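Have a look at the structure below, then the notes.
Bear in mind these aren't lab numbers, they're just calculated from the coordinates by the rules spelled out. For neighbour counting, all protein chains shown are included, and Cβ atoms are generated from backbone atoms with ideal geometry for every residue, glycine included.
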Amino acid sequence: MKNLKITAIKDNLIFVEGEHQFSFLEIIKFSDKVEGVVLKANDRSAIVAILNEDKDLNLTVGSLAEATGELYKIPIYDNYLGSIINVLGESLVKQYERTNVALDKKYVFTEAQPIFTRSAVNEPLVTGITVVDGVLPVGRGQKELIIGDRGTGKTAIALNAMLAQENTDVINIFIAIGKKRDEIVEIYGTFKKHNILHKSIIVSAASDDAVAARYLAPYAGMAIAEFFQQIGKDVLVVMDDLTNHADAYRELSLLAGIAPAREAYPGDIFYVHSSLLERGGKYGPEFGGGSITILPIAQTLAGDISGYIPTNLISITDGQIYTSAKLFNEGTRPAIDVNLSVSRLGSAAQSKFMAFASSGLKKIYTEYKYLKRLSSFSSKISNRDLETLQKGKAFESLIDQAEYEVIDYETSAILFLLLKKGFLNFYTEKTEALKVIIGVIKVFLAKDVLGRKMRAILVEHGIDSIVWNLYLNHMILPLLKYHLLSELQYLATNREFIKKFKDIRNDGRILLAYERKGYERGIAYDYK
Amino acid sequence: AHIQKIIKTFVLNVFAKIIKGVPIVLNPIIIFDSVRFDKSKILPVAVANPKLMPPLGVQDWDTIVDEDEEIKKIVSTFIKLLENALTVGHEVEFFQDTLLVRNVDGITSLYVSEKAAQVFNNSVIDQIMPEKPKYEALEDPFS
Amino acid sequence: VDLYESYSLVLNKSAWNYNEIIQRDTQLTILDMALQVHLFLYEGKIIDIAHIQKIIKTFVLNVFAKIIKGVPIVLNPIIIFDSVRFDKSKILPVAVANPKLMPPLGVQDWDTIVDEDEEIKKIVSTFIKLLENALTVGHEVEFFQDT
Ligand SMILES: Nc1ncnc2c1ncn2[C@@H]1O[C@H](COP(=O)(O)OP(=O)(O)OP(=O)(O)O)[C@@H](O)[C@H]1O
Ligand SMILES: [Mg+2]
């Protein structure tokens, strides 16, 4: 029965009176749907932050309310998958009907499991992006921050990472804090189109929703992910974005009367984000035996990576991916700045062939940038520096990749192997030809049955096996030799070209066949 | 004028496709092909669908038409109207200075003027393709 | 009659197309398919490439001998080898269109005209699969001599 009464409504906070035994985040029910959470309480009064609104309720002074006596727990329903829900569990857009029996109830502020329940990260998470999968690896249970400027493609990177899980067992969860509704609907449509809707949930808190909802949305999403992980499933969580979450917490704290701190954020914003993000990782079989991979997103101002919130988040996550506005302005998508990005798991979060294919390429790229930014007196360049410059320029041409394009893990491994062995350096003068040859190789490996056989034998027999060496020598290398001879004739006499392409036949019928196939839908006279 | 330009572009695409030995099927009744007797000597023909020896590399008209809905609708309407006109007994012009007739039963023939055969032979000997059709404003039929 | 109704016109067109593709020099010979089969089968047992070429040529000659007797051979639901004969006893091998809804009458599988040995059947099956893939991607494969 109702046992509280509203006495004041100030600063978007509700003051209730009535003897009770309040607790932190205790649910106060104002109607059958509208609920709030207790923030502070005397023995006869409480301060409450509302979670949702109703048109007909007309919540004002004197309205009756009930202290349920329980904490803020989110309920789990079978029809969460393929739907957009708010922080209380209401289907804003749903794909299937709901049975009104809750599978579980998960506490929003559930404490992270202790040290002995964890396990080392040893399985990759394929993001579908070549440079991320090869040089900036992301494992299952690893927290990789996506830091960047405004409008540089961070949401696209997260969406690509989740769309890459179309043919896997990983459940995607997308938490949106203060986003646009017409963008959430568009992401829902993208999920429906690529057939990942049945394994994806969206948790939405709009930019004009209640501040408590925007503050508590990531925790509710993490509770859902923990429910899924307790039955031993891999969960990939994308929080977009923690700048809005920090803003919501700052707004709530400043309206509640808390004193400000550095950049006007409250003094415990780091604790907020760290206790939020420490609930993801890899767990041993005795404690669920799953994983929760998190990809938080954060925005910088004018490329200032030394901001308070970006550096607070960098100290929590296991590396970061930085997207450059200068690169994005040049039409380079994804605009990932590899020199400013890092993955702290490293080769321990890769397959053996992928680890071997890209063993020391990131360091080579950093050295290439250092030499490019260096001014010296002797205009003579040593052979080692020439090799570094050529390999860095060749590496720069593997980053480019179209939007929503998922590249297989083995294709990325093969491309990185080709780069590492030195076959792509000869394109240091022509980059469009390099792009064409990379596109042809990707098409061959994706469509032809021999390309899929090559990828399969790469997975099961490894790089060092004789069969894969034969496949590389008879399928891929001849095409590269033919293309290099075609585009650059003088390479027929180059010493290194002769040294590498010695026992390789000049076969280029694959490229010509694909060109014919593409041009076969060609017309002599255009209509437009 | 737009429709006329589009129709001329379609017939020129058919012309360019048939000089390379690729028959074009506009309908189950009329199939555009070419007969070459020697180098420098080719002649366009219209034939019915053979019964026991399928033609070598036949392509639909849809292949040589832009994917835009308006262009496809215009070309589809032109093909349908051409079929109806041939069925009722008209004599329709398909290439420049040629004529398409349907004789008794379902036998179609293409009659080529002197200059049309001249342009065919020029295309096959010297690769002098006809220039792309352009938007021409309608001219007053009288005076 | 129509240009298809006579052997000479159709032969001239076929010869012109074949000569053009040959002068482009973009076609895949039997050696190429033998090497592809050798690479695809290189993880169960190594088979000599010359052996594969000989086996493929004997199989295609068997197909030729079967099609010269007026019996069509189906290699796949997609490709069916048949023959069309005109006057004066002249014949011409063909591949028919729409093999899905108008199949030639009395079709027999390739398995009938192949030795019962497991290795030979596996080799020919792999060759057929590679031929289907090569045609799908857009290659020009040689099946009989000078076709
Ligand atoms: N790989 C890509 N290729 C081409 N276009 C891309 C690619 N990635 C993203 N884009 C486009 O670039 C634009 C900006 O990307 P996006 O909206 O994902 O960035 P953001 O950092 O989330 O931006 P915002 O600050 O608006 O949230 C969009 O129009 C998106 O479609
Ligand atoms: Mg965004």
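On the basis of being outside any loop (DSSP other than H, G, I, E, B), of a type outside the set (K, R) and more than 16 Å from ligand 2 (Cβ to nearest atom), does A:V121 make the cut? Give the steps one after another, and end with the answer.
Values: outside any loop (DSSP other than H, G, I, E, B): no; of a type outside the set (K, R): yes; more than 16 Å from ligand 2 (Cβ to nearest atom): yes.
The answer is no for A:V121.
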Identify the residue in region A:191-201 that is within 16 Å of ligand 1 (Cβ to nearest atom) and either surrounded by fewer than 19 Cβ atoms within 10 Å (Cβ to Cβ) or in a loop (DSSP other than H, G, I, E, B) (or both) and, among all such residues, is nearest to the other protein chains (Cβ to nearest Cβ).
A:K193
Scope region A:398-424; condition within 16 Å of ligand 1 (Cβ to nearest atom) and either assigned to a helix (DSSP H, G or I) or within 14 Å of another protein chain (Cβ to nearest Cβ) (or both); matching residues
A:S412
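Mind listing whichever residues of region C:122-147 are in a helix (DSSP H, G or I), more than 8 Å from every other protein chain (Cβ to nearest Cβ) and surrounded by fewer than 18 Cβ atoms within 10 Å (Cβ to Cβ)? Quick ask: steps written out before the conclusion?
Within region C:122-147, the first condition is being in a helix (DSSP H, G or I), and the residues that meet it are C:122-137.
If we keep only those that are more than 8 Å from every other protein chain (Cβ to nearest Cβ) too, we end up with C:122-128, C:131-132, C:134-136.
C:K122, C:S125, C:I128, C:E132, C:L135, C:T136, listed by residue number.
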Checked against (1) touching a residue at least 12 places away in the same chain (Cβ under 8 Å); (2) more than 16 Å from ligand 2 (Cβ to nearest atom), A:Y188 satisfies every condition except (2)
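Do we find a residue being in contact (Cβ under 8 Å) with a residue 60 or more places away in the chain, away from chain C (no Cβ under 14 Å) and away from ligand 1 (no atom under 16 Å from the Cβ) anywhere in region A:56-64?
Checked region A:56-64: at least one residue is in contact (Cβ under 8 Å) with a residue 60 or more places away in the chain, away from chain C (no Cβ under 14 Å) and away from ligand 1 (no atom under 16 Å from the Cβ).
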Restricting attention to region B:12-29, report how many residues are under 10 Å from the mean Cα position of the chain (by Cα) and assigned to a loop (DSSP other than H, G, I, E, B).
1
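Here's a check for you: in region A:258-297, which residue that is in a loop (DSSP other than H, G, I, E, B) and acidic (D, E) is farthest from A:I171 (Cα to Cα)?
Restricting attention to region A:258-297, the residues satisfying the condition of being in a loop (DSSP other than H, G, I, E, B) are A:258-261, A:265-268, A:278-281, A:284, A:288-290, A:295-296.
Next, from what is left, pick out any that are acidic (D, E): A:268, A:278.
Working: A:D268: 31, A:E278: 19 Å.
That would be A:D268.
On the given criteria, is C:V63 touching a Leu at 6+ places or on another chain (Cβ under 9 Å), within 14 Å of chain B (Cβ to nearest Cβ) and of a type in the set (V, I, T)? First the steps, then the outcome.
Values: touching a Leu at 6+ places or on another chain (Cβ under 9 Å): yes; within 14 Å of chain B (Cβ to nearest Cβ): no; of a type in the set (V, I, T): yes.
For C:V63, the condition - touching a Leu at 6+ places or on another chain (Cβ under 9 Å), within 14 Å of chain B (Cβ to nearest Cβ) and of a type in the set (V, I, T) - is not met.
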Return yes when A:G422 is within 28 Å of A:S324 (Cβ to Cβ) and without any contact (Cβ under 8 Å) to a residue 12 or more places away in the chain and no when it is not.
no
Using the structure shown, decide if B:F37 is over 13 Å from the mean Cα position of the chain (by Cα), of a type in the set (F, W, Y) and either surrounded by fewer than 19 Cβ atoms within 10 Å (Cβ to Cβ) or away from chain A (no Cβ under 14 Å) (or both).
yes
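Evaluate region A:202-214: report whether one residue or more is crowded, with 20+ Cβ neighbours inside 10 Å, assigned to a loop (DSSP other than H, G, I, E, B) and either within 16 Å of the chain's Cα centre (by Cα) or away from ligand 2 (no atom under 16 Å from the Cβ) (or both). Break it down into steps so the answer makes sense when it comes.
As a first pass, look at region A:202-214 and keep what is crowded, with 20+ Cβ neighbours inside 10 Å: A:202-205, A:210-214.
Those left that are additionally assigned to a loop (DSSP other than H, G, I, E, B): A:210.
The next check asks that each one be either within 16 Å of the chain's Cα centre (by Cα) or away from ligand 2 (no atom under 16 Å from the Cβ) (or both); those that pass are A:210.
Yes - at least one qualifying residue is present in region A:202-214.
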Report the residue count in region A:129-158 for those that are within 16 Å of ligand 2 (Cβ to nearest atom) and outside any strand (DSSP E or B).
10
Only residues that are of a type in the set (K, R) and either within 14 Å of chain B (Cβ to nearest Cβ) or within 15 Å of ligand 1 (Cβ to nearest atom) (or both): list them for region A:330-346, please.
A:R333
Would you please list the contacts, defined by Cβ atoms under 8 Å and residues six or more apart or on different chains, that run from a residue in region B:61-81 that is away from every other protein chain (no Cβ under 12 Å) to a residue that is outside any helix (DSSP H, G or I)?
B:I79/B:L26; B:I79/B:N27
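Of everything in region C:36-60, what is polar (S, T, N, Q) and within 11 Å of chain A (Cβ to nearest Cβ)? Give them in sequence order. So that I can check it myself, show each step before the final result.
Start the filter on region C:36-60 by keeping residues that are polar (S, T, N, Q), which leaves C:36, C:53, C:58.
Matches in region C:36-60: C:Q36 only.
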Search result, residues across region A:450-492 that are out of contact with any helix residue (DSSP H, G or I) (no Cβ under 9 Å at 6 or more places or on another chain) and within 13 Å of chain C (Cβ to nearest Cβ)
A:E460, A:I466, A:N469, A:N473
Members of region A:14-41 found to be in a loop (DSSP other than H, G, I, E, B), closer than 21 Å to A:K55 by Cα and of a type outside the set (S, T, Y), listed by number
A:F30, A:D32, A:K33, A:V34
Within region A:159-190, considering residues that are within 11 Å of ligand 1 (Cβ to nearest atom), among the charged types (D, E, K, R) and part of a helix (DSSP H, G or I), the one farthest from the other protein chains (Cβ to nearest Cβ)
A:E183
Please pick out the residue among A:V126, A:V101 that is under 23 Å from the mean Cα position of the chain (by Cα) and assigned to a loop (DSSP other than H, G, I, E, B).
A:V126
Determine which single condition A:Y219 fails, assuming it passes every other condition in (1) among the hydroxyl-bearing types (S, T, Y); (2) within 16 Å of ligand 1 (Cβ to nearest atom); (3) not in a strand (DSSP E or B).
(2)
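Just give me the residues in region B:40-56 being in contact with a helix residue (DSSP H, G or I) (Cβ under 8 Å, 6 or more places away or on another chain), in contact (Cβ under 8 Å) with a residue 24 or more places away in the chain and within 10 Å of chain C (Cβ to nearest Cβ), in sequence order.
As a first pass, look at region B:40-56 and keep what is in contact with a helix residue (DSSP H, G or I) (Cβ under 8 Å, 6 or more places away or on another chain): B:40-45, B:47, B:50, B:53, B:55-56.
If we keep only those that are in contact (Cβ under 8 Å) with a residue 24 or more places away in the chain too, we end up with B:40-45, B:47, B:55-56.
Matches in region B:40-56: B:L43, B:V45, B:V47, B:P55, B:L56.
Every residue, every condition in (1) in a loop (DSSP other than H, G, I, E, B); (2) touching a residue at least 60 places away in the same chain (Cβ under 8 Å); (3) touching a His at 6+ places or on another chain (Cβ under 7 Å), yes or no:
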residue	(1), (2), (3)
B:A85	no, no, no
B:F95	yes, yes, no
B:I125	no, yes, no
B:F142	yes, no, no
A:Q21 is checked against (1) out of contact with any strand residue (DSSP E or B) (no Cβ under 8 Å at 6 or more places or on another chain); (2) exposed (fewer than 14 other Cβ atoms within 10 Å of the Cβ) and fails just one. What number does that condition carry?
(1)
